[PDB]
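>>> could you work out the structure for the sequence below:
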Amino acid sequence: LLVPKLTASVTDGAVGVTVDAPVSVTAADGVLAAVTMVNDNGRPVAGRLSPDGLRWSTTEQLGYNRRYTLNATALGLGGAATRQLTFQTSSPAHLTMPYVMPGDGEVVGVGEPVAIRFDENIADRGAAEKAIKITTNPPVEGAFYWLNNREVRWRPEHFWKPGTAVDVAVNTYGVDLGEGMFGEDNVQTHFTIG
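Numbering: from 1, shown residues only. Below you will find the coordinate block:
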């Protein structure tokens, strides 16, 4: 007969915790009976408990420069377990907001690149690229190229084909884009090649 086991995806006393991923808690040999997370001013963080009670996860954006307190209780045939932990999230030197072109909902020509322009210097171009997901349909191969320290573009080898959906997810919220420059938020754009 085992006592329930709680496992969180963050450690107690962690610092610099990145806010580009949710925080989770799992139970084994039992189910989650209560999970709460609050910030340093006592504001609850939204989360979702799976219907089977085995996993809870945050469902909204954690803030920069915050201390979060997580409490969980699991209950099983073998008794109860509780855990509390506290951690601190990333403290950016600066924030940068990206702007994507073409604009959301636009219909554009066969020579138009995807362009992602950040409003501050990007010292880690590789980190910025990794945070950007391009979807094409019909699918075509393409690649990123930087114009300068602020603007990265993406295109196929030659021209686009008319009737192509292009989806651009710029997910740099929580990502250190070099020298403590973090994404201010995520951006989502979808357009069509006419």
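
>>> show me what residue 166 is bridged to.
On the basis of DSSP bridges, residue 166 is bridged to residue 136, residue 191.

>>> check the one 4 residues further on too.
Residues found in beta-bridge contact with residue 170 (criterion: DSSP bridges) are residue 132, residue 187.

>>> confirm that residue 126 sits in a helix.
Yes - if the criterion is DSSP: H, G, I helix; E, B strand; the rest coil, then residue 126 is within a helix.

>>> roughly how far apart are it and residue 140?
23 Å (Cβ to Cβ, to the nearest Å). Yep, even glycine has a C-beta here, placed from its N, CA and C like the rest.

>>> also residue 29?
Using Cβ to Cβ, we find residue 29 at a distance of 49 Å from residue 140.

>>> what of residue 162?
12 Å.

>>> more neighbours, the two?
residue 140 (15 against 11; other Cβ atoms under 10 Å).

>>> and the residue nearest to that one when sequence neighbours are not counted, what does it touch?
Nearest residue to residue 140, sequence neighbours excluded (Cβ to Cβ, 6 or more residues apart in numbering): residue 156, at 4.5 Å. Residues near residue 156 by Cβ atoms under 8 Å, 6 or more residues apart in numbering: 136, 140-142.

>>> residue 68 now?
With Cβ under 8 Å, 6+ apart, residue 68 has these contacts: 23, 37-40, 45, 62, 86-89.

>>> please repeat the previous calculation with a cut-off of 7 Å.
Counting by Cβ atoms under 7 Å, 6 or more residues apart in numbering, residue 68 makes contact with 37, 39, 45, 62, 86-87.

>>> distance of residue 147 from residue 32?
Taking Cβ to Cβ, one finds residue 147 at 48 Å from residue 32.

>>> hang on, I meant residue 121
Applying Cβ to Cβ to residue 121 and residue 32 gives a distance of 43 Å.

>>> residue 71: neighbour count?
Neighbours around residue 71, by other Cβ under 10 Å: 15.

>>> can you mark which positions in the strand or helix carrying it are buried?
Assessed by DSSP states H and E, residue 71 sits inside strand 67-76. Buried residues in strand 67-76, counted by 16 or more other Cβ atoms under 10 Å: 68, 70, 72-76.

>>> looking at those, spot the one nearest residue 117.
Residue 117 lies nearest to residue 68 out of those, by Cβ to Cβ, at 32.2 Å.
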